[PDB]
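For reference, the structure discussed in these notes is given below.
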Amino acid sequence: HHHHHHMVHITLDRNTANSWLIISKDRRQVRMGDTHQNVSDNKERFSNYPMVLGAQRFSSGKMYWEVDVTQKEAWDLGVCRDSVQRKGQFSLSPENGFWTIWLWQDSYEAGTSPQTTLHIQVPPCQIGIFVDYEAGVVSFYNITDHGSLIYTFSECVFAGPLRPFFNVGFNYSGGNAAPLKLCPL
Ligand SMILES: O=C(O)COc1ccc(F)cc1
């Protein structure tokens, strides 16, 4: 792909984080802690899952960023509406305001309803995410495999400002402690 020139500097919004997440000083990395991180509750925090939003809001234009997923067993990545539900249980779907892919139990899937199987020969260590607001497109790229396409959501109905979306996943296994990291431009 040739989307690299739309690169944006994403930072994580501490206030939206689940209370177990640990965000680095530079706001570019996030991981699951082994306990509650001693923060106050607020209406922005994702309560049920280890999720956090980027601080940046997008309502026009073309945007690109990259995320490091090295040695993780489970994660979700993409974008979402600013007004997505924070509290209780929900599924990641465009109907609920999410445009995402994930790794889970050694398979990759796109967060359609129902979910769509992805075909990845080279397990990615870094994911590229491209958003074209005007066109209604969200695309995912395998940076480990020379930028090959993973998935395109088209005919997107964003219906609001968009925020970068992250889920570090649970660590029931002891094999999923590694962070998500925003990669430098
Ligand atoms: O199940 C655990 O690992 C600890 O409890 C949590 C439950 C839901 C969360 F979003 C974060 C932590």
So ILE22 ticks every box in (1) outside any strand (DSSP E or B); (2) without any contact (Cβ under 8 Å) to a residue 40 or more places away in the chain; (3) more than 24 Å from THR144 (Cα to Cα); (4) among the hydrophobic types (A, V, I, L, M, F, W, C) but one. Which box is left unticked?
(1)
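Tell me whether the stretch 14-24 contains one or more residues that are polar (S, T, N, Q), within 16 Å of the ligand (Cβ to nearest atom) and surrounded by fewer than 19 Cβ atoms within 10 Å (Cβ to Cβ).
yes
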How many of the residues making up the stretch 132-185 are part of a strand (DSSP E or B) and of a type outside the set (A, V, I, L, M, F, W, C)?
11
Positions within the stretch 99-128 being assigned to a strand (DSSP E or B), of a type outside the set (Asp, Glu) and surrounded by 12 or more Cβ atoms within 10 Å (Cβ to Cβ), in sequence order:
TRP99, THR100, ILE101, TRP102, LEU103, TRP104, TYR108, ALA110, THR116, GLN126, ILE127, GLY128
Please verify whether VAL131 is under 17 Å from the mean Cα position of the chain (by Cα), within 16 Å of the ligand (Cβ to nearest atom) and of a type in the set (A, V, I, L, M, F, W, C), treating the condition exactly as stated.
no
Pairs returned, first residue in the stretch 90-103 that is of a type in the set (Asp, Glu), second residue that is surrounded by fewer than 24 Cβ atoms within 10 Å (Cβ to Cβ) and assigned to a loop (DSSP other than H, G, I, E, B), beta-carbon separation under 7 angstrom, 6 or more apart or interchain, are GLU95/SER113
Might you check whether a residue that is surrounded by fewer than 16 Cβ atoms within 10 Å (Cβ to Cβ) and in contact with an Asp or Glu (Cβ under 9 Å, 6 or more places away or on another chain) occurs anywhere in the stretch 78-98?
no
Suppose we keep only residues that are in contact (Cβ under 8 Å) with a residue 60 or more places away in the chain and surrounded by fewer than 16 Cβ atoms within 10 Å (Cβ to Cβ) within the stretch 132-147. Which one would you say is nearest to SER91 (Cα to Cα)?
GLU134
Say we look at the stretch 29-85 and pick out the residues that are in a loop (DSSP other than H, G, I, E, B) and within 14 Å of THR11 (Cα to Cα); which of these is nearest to the ligand (Cβ to nearest atom)?
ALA55
I need a count of the residues in the stretch 148-185 that are closer than 19 Å to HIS9 by Cα and either of a type outside the set (D, E, K, R) or free of Cβ contacts under 8 Å to residues at least 40 places away in the same chain (or both).
12
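Could we say that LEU53 is within 23 Å of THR117 (Cα to Cα) and in contact with an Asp or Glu (Cβ under 7 Å, 6 or more places away or on another chain) here?
no
Read-outs: derived from the displayed coordinates by stated rules, not from any lab. Heads up, the Cβs are rebuilt from the backbone with ideal geometry, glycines too, and the neighbour counts pull from every protein chain shown.
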